[PDB]
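Virtual Cβ from ideal backbone geometry, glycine too; neighbours counted across all protein chains shown. The values are calculated or read from the model by the stated rules, or taken from the named source; no laboratory read-out is quoted.
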Amino acid sequence: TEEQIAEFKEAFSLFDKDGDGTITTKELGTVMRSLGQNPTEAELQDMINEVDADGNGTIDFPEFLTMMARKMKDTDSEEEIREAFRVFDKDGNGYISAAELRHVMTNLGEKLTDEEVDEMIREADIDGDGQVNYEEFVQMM
Ligand SMILES: [Ca+2]
Ligand SMILES: [Pb+2]
Ligand SMILES: [Pb+2]
Ligand SMILES: [Pb+2]
Ligand SMILES: [Pb+2]
Ligand SMILES: [Pb+2]
Ligand SMILES: [Pb+2]
Ligand SMILES: [Pb+2]
Ligand SMILES: [Pb+2]
């Protein structure tokens, strides 16, 4: 929509120091260093390349818009998976145990045994710690 675009155009403007309608490796360098980040010229060219679809060596507003729109979908998606994880994790210690899973399953209408739930933890527990971490949760969804 019109309103959504004018929001991304402000962020775009922040990068485009010169107001010429593109973001350059050096301009992106200036912003990233405002945020306390290094970065090398090599790393900078890579960030540009990942967004510069026409391949003329800078980023234009349409490329910026297309990128930001996919990031916008990744952000929301990440924050929804994160919220579900926090609900399964009762003590908020960063790990979902068997008792926590069984307790949530029970509320979801599924009365499982500890054997059954220990099997579900084992199914997602890649690292074998005995409980489910965040990436495993994201991967298991
Ligand atoms: Ca993505
Ligand atoms: Pb604003
Ligand atoms: Pb510029
Ligand atoms: Pb072009
Ligand atoms: Pb273009
Ligand atoms: Pb371009
Ligand atoms: Pb926990
Ligand atoms: Pb158990
Ligand atoms: Pb694990």
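Quick look at the values:
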{"quantity": "Residue list for the range 71-102, filter: surrounded by fewer than 14 Cβ atoms within 10 Å (Cβ to Cβ) and either within 16 Å of ligand 6 (Cβ to nearest atom) or farther than 30 Å from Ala11 by Cβ (or both)", "calculated": "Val87, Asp91, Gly92, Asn93, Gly94, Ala99"}
{"quantity": "Inter-residue pairs, beta-carbon under 7 Å, first within 20 Å of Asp16 (Cβ to Cβ) and in the range 63-75, second more than 16 Å from ligand 8 (Cβ to nearest atom) and part of a helix (DSSP H, G or I), 6+ apart", "calculated": "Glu63/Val51; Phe64/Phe8; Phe64/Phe12; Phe64/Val51; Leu65/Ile5; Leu65/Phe8; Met67/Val51; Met68/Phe8"}
{"quantity": "Candidates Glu43, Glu63, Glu135, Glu50, filtered to the one that is among the acidic types (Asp, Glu) and outside the structural domain of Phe15 (by CATH)", "calculated": "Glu135"}
{"quantity": "Criterion: of a type in the set (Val, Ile, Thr), surrounded by 11 or more Cβ atoms within 10 Å (Cβ to Cβ), assigned to a helix (DSSP H, G or I) and in contact (Cβ under 8 Å) with a residue 40 or more places away in the chain - qualifying residue of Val117, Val138", "calculated": "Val138"}
{"quantity": "All helices (runs of 4 or more DSSP H) inside the range 4-88 with 3 or more residues being within 16 Å of ligand 7 (Cβ to nearest atom)", "calculated": "61-88"}
{"quantity": "Residues of the range 1-50 satisfying the condition of being closer than 14 Å to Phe64 by Cβ, among the aliphatic types (A, V, I, L, M) and surrounded by 11 or more Cβ atoms within 10 Å (Cβ to Cβ)", "calculated": "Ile5, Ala11, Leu14, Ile23, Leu28, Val31, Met47, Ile48"}
